[PDB]
Each structure stands twice: as structure tokens, then as C-alpha cells.
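Shown here is one chain on its own, the form deposited in one PDB entry, set out as C-alpha cells.
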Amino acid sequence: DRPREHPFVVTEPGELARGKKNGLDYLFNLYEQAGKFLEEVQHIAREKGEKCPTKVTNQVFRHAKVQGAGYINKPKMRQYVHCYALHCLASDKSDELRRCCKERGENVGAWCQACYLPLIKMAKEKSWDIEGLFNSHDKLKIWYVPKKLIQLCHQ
């Protein structure tokens, strides 16, 4: 029971998946879901007067799992947060990057390495990486900055 899911594959905005595979608009939505689990946990925290998370803790993951959403797991969500960042911040540029990678016949893996360079430049436009994630956008607030992003960002 509770089986594995089929791989992601690069899509244009709006585009739907090719059967036994998933699109990137799905991927983004997943994060939004995670959000709605953190919402649920936070409520379960006030009641029972426990400490209120503010971010995605392993708890939340555990929680999604038990309500049957294992598809929201820790390593995946980290694997692709750099991209969720891109989508949230400059959906414009995410969208274009998706097209480019689409018509160049890229796999999802390349996309990941690709999505880095814009973010870097966006940081150059600003300064503090954390700032961006740091409650800059209500959606990106709940997620931790990845380590790699931080070090490389300013180099």
C-alpha cells in the first residue's frame, strides 16, 4: 500500500501531463498543499497549548503522511524549493525558463540546475537571500532557505 509516484517532467505554464508523469504546476501546487497542512497543525497546536510551528516542521510532513499525502516528503520538497522560489518571485522568468527547457528537450534535472542562475541575479538586484524567503512573500515564508543557495548566492 501507499505506493511511489511517477516522475516529474518539464511543462509549459497551464500545460497538462503526459499520462504516467506529472507537470510542474502540480509540483508548485504541492507546496501550497504543505501550507494547508501547516495551517492544520498550527491549529492543533493552539488547542493543546503547544508551541506554534511558523514553518514546515517534520511534524507537518508526518501529518500529511497520516492524512495520505506522503507525496509531500522532506527531500523532494527541499530538492525543488529553489524553483518554488523562482515561481513565486518572478513567475514571468520561471515560465520562460520552462518554455526554453521544454523546447530544448530538457529533463526535470537540468531544469533544477538551470533555475539557479536567475535567482542568483535576482539576489544581485537585491542583497539578502533570506530576506526574499524571509517573510518577503507570504507563500515563501513557511519554507527554510536551502544551504547551497545561500553560500553560492553571493560569490
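Start at 1 and count along the sequence shown; that's the residue number. We call the rigid core the largest set of C-alpha positions that still match within 1.5 Å between the two forms.
We do not show the form deposited in another entry, though everything after this point is about it.
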Out of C100, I120, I130, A90, the position with Cα displaced 2 angstroms or more between the shown form and the other one on rigid-core fit is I130
Given that the distance between the C-alpha atoms of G132 and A85 changes by 3 Å or more in that other deposited form, do they end up closer or farther than here?
-> farther
Look at the CA atoms of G68 and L133: state whether they lie closer or farther apart in that other deposited form than in this form, given a difference of 3 Å or more.
-> farther
